[PDB]
Amino acid sequence: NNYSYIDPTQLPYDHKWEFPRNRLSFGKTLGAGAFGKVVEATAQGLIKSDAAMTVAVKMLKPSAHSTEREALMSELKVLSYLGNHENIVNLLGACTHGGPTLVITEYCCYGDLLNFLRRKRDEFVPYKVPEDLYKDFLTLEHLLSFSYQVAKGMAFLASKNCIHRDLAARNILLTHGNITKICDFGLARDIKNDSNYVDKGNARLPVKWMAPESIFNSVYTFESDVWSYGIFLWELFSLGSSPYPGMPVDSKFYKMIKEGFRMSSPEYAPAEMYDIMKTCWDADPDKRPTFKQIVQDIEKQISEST
Ligand SMILES: Cc1ccc(NC(=O)c2ccc(CN3CCN(C)CC3)cc2)cc1Nc1nccc(-c2cccnc2)n1
Ligand SMILES: [Cl-]
Ligand SMILES: [Cl-]
Ligand SMILES: [Cl-]
């Protein structure tokens, strides 16, 4: 089962979310996997004054089977259960009557964070971008803010007993004002053809982001998400590089993780952020920081840079 602690079969779908599907107008695909996709759409009458707005809509493809139909309804129940939160992609509505399940969220102006970092990598500026302000250079200040916002969103998920299990820059969205939103593409990512997912047993898993207890024992906990957040930090401060660069996931990789090999600091990581990474990758889950502790650590770093 994919729910470590919460039980979505006992969580109620709040009908306040229900939206008439005929008021959606579908546009371009934002991401697609084997069985699901997310599309841009315009929603009419979602706003009380009958102004139009752009949203993102998740739906299954005709390729989908009963398992995926149940999974999408479970996902909707979990998002409804989580409720509103500024660091999580905002649920706006859903369509459950009169057709297949549709899940409607806000549209995030700048897309996923991994591609944003790669797009901005070549013009990154560590300190002090004035006359150059119009270019919207990526700065160290932004990276610290991203780390802080994702940690705050993850502390929220943990406070709801929710385990992400695929925390990574590809599952962070960026909107106006350098604001991040944790999401989960899930079935709307083509993991079959994504080299960041690796065949393990009968599954395709994000092995380079996974804690050892998740790889070898299929254990998913608050503490295993913290390990993934450590890998996410490495992506962030390497400006979108793939982790363990040049290492295939093979028997040698699993042995090195078990033996205690860990990545060195990426080129742009402040020492105190690498400190967080190292503690997130402790072999002992009980010695990793909590997300709440990470939030307090990074908040101090941000106030000390200013
Ligand atoms: C339209 C939609 C429907 C559902 C979701 N779902 C989630 O974001 C999500 C996040 C966390 C959980 C919690 N869950 C707990 C259990 N573990 C195993 C999985 C995660 C569930 C759903 C997002 C979206 N939004 C979305 N998804 C992908 C891309 C985009 C997008 C892309 C580009 C521009 N703007 C938006 N927008
Ligand atoms: Cl469906
Ligand atoms: Cl969960
Ligand atoms: Cl060190």
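The chain is numbered in sequence order, starting from 1. No hydrogens, no waters, no symmetry mates; every other heavy atom, side chains included, goes into these values.
- Side-chain contact between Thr180 and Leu173 is absent, with no heavy atoms from C-beta onward closer than 4.5 Å.
- Taking the six-membered ring wherever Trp is involved, the centroid distance between the rings of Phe222 and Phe291 does not fall below 6.0 Å.
- Legend: residues meeting salt bridge (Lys or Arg N to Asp or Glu O under 4.0 Å) with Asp297, ordered by chain and number and at least two apart, are absent.
- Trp209 contributes no side-chain N or O that, together with a main-chain N or O of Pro243, makes up a donor-acceptor pair within less than 3.5 Å.
- The shortest distance between side-chain heavy atoms of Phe26 and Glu40 does not fall below 4.5 Å.
- For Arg204, the salt bridge (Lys or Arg N to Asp or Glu O under 4.0 Å) test picks out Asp199, with sequence neighbours left out.
- Looking at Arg288 and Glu213, a side-chain N of the basic residue comes within less than 4.0 Å of a carboxylate O on the acidic one, giving a salt bridge.
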Pair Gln149, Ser145 - check side chain to side chain donor-acceptor pair (under 3.5 Å), show working. CA-CA 6 Å; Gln149 295 180 65; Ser145 176; 2.9 Å; yes
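- For residues 97-108, every residue pair satisfying the side-chain hydrogen bond (donor to acceptor under 3.5 Å, both in side chains) rule, not counting sequence neighbours, is listed here: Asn90-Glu106, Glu106-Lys181.
- Taking the six-membered ring where the residue is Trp, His85 and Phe156 present parallel rings, their angle staying beneath 30° rather than reaching 60°.
- Not one N or O on the side chain of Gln10 forms a donor-acceptor pair closer than 3.5 Å with the backbone of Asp7.
- When side chains are defined from C-beta on, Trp234 counts as touching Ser241, because their heavy atoms get closer than 4.5 Å.
- Considering only heavy atoms from C-beta on, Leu140 stays 4.5 Å or farther from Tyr268 through its side chain.
- With rounding to the nearest 0.5 Å, the separation of CZ in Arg165 from CG in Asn2 is 5.5 Å.
- A distance of 7.5 Å separates OH of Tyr110 from CG of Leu174, quoted to the nearest 0.5 Å.
- No side-chain donor-acceptor contact under 3.5 Å links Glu123 to the backbone of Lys120.
- A heavy-atom distance below 4.5 Å is not found between the side chains of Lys208 and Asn196.
- For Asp112 (side chain) and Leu114 (main-chain N/O), a donor-acceptor pair under 3.5 Å exists by modelled atom type.
- Judged as a salt bridge (charged side-chain N to carboxylate O under 4.0 Å, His left out), not a single pair has a partner in residues 227-254 (not counting sequence neighbours).
- Checked against the 6.0 Å centroid threshold, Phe124 and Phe137 do not count as a close aromatic pair.
- For the pair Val103 and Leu91, the minimum side-chain heavy-atom distance is below 4.5 Å.
- For the atom pair OG (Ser228) and CG (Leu233), the distance works out to 11.0 Å, reported to the nearest 0.5 Å.
- Atom CD1 of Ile163 sits about 8.5 Å away from atom CD1 of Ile6, to the nearest 0.5 Å.
- Ring geometry for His15 versus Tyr13: interplanar angle over 60°, hence perpendicular rather than tilted (30 to 60°).
- Ring geometry for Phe216 against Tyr254 counts as perpendicular: the plane angle is over 60°, on a 0 to 90° scale with 30° as the lower cut.
- Residue-environment remark: CD (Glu18) exceeds the threshold of 12 foreign heavy atoms within 6.0 Å.
- When side chains are defined from C-beta on, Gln296 counts as touching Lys292, because their heavy atoms get closer than 4.5 Å.
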Decide side chain to side chain contact (heavy atoms under 4.5 Å, CB included) for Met277 and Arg262; before the verdict, give the C-alpha distance in whole Å, the side-chain angles of both, and the deciding distance to 0.1 Å. CA-CA 10 Å; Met277 293 180 218; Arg262 303 293 187 265; over 6 Å; no
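- Atom CZ of residue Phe237 and atom OG of residue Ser265 lie 9.0 Å apart, to the nearest 0.5 angstrom.
- Formation of a donor-acceptor pair under 3.5 Å by the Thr29 side chain with backbone atoms of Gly31 is not found in this model.
- Taking the ring centre of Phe19 as origin, the terminal cationic atom of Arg21 falls outside the region bounded by 6.0 Å and 45° from the ring axis.
- Around atom NZ of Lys278, more than 12 heavy atoms belonging to other residues, nucleotides or ligands sit under 6.0 Å away.
- With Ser214 contributing its side chain and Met210 its backbone, the two residues share no donor-acceptor pair below 3.5 Å.
- In the model, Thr139 has no side-chain atom that pairs as donor or acceptor with a side-chain atom of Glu141 under 3.5 Å.
- Within the 4.5 Å cutoff, no side-chain heavy atoms of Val198 are placed close to those of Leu205.
- Side-chain atoms of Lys77 never come within 3.5 Å of backbone atoms of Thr9 as a donor-acceptor pair (strictly under, hydrogens ignored).
- Judged purely by atom type and a 3.5 angstrom limit, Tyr229 uses its side chain to pair as donor or acceptor with the backbone of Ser147.
- In this view, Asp190 satisfies the salt bridge (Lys or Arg N to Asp or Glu O under 4.0 Å) rule with no residue, not counting sequence neighbours.
- Applying the salt bridge (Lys or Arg N to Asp or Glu O under 4.0 Å) criterion to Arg170, with sequence neighbours excluded, gives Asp166.
- Side chain of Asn171 to main chain of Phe185: a donor-acceptor pair is present (N/O by atom type, distance under 3.5 Å, no hydrogens or angles).
- Looking only at distances, a side-chain donor or acceptor of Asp225 sits under 3.5 Å from a matching main-chain atom of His164.
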